[PDB]
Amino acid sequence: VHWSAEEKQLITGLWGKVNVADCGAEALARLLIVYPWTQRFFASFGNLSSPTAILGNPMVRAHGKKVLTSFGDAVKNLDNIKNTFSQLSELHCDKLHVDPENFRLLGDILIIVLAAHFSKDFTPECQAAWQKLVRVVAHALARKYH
């Protein structure tokens, strides 16, 4: 994948304004709420019995921050995403057996969370660049299946 000058500027520029802890918690909670079968991977986190319980669950919020933080490791060097995510690919494919369609669903949820956070600053062009980024990260995460 090639990154244009504009795409890199749209991604790094928005990233500096992201509230990693808040957006990360929101994205992970929406995944568990919008796509509830994903809750099967997170029984260790405890009470996921309602949207309220999920949104207020400390382990969910803690985990969302870690997930968005790794997205930031993609933002930092966009041309090395494959290697950056290789160990996480082993975890999700060889160990957890998460179907990669779920990587796409978390990426789409994150775009909606970013839209909610940035309102009209999340231009069509910015959405297009961030959708590209989440698709490239999901591809890198699925690498160990192939």
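In this text, residue numbers run from 1 along the sequence as written.
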> Once you work out the mean C-alpha B-factor for both 61-69 and 79-87 from the entry, which is higher?
Replying inline: 79-87
> Which of the two stretches, 2-10 or 135-143, shows the higher mean Cα temperature factor in the record?
Replying inline: 2-10
> Taking the Cα B-factors listed in the entry, which of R104, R40, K120, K95 comes out highest?
Replying inline: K95
>> Looking at the temperature factor on the CA atom of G46, which third of the chain's modelled residues does it land in?
In response: highest
>> Please place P100 in the lowest, middle or highest third of its chain according to the CA B-factor in the PDB entry.
In response: middle
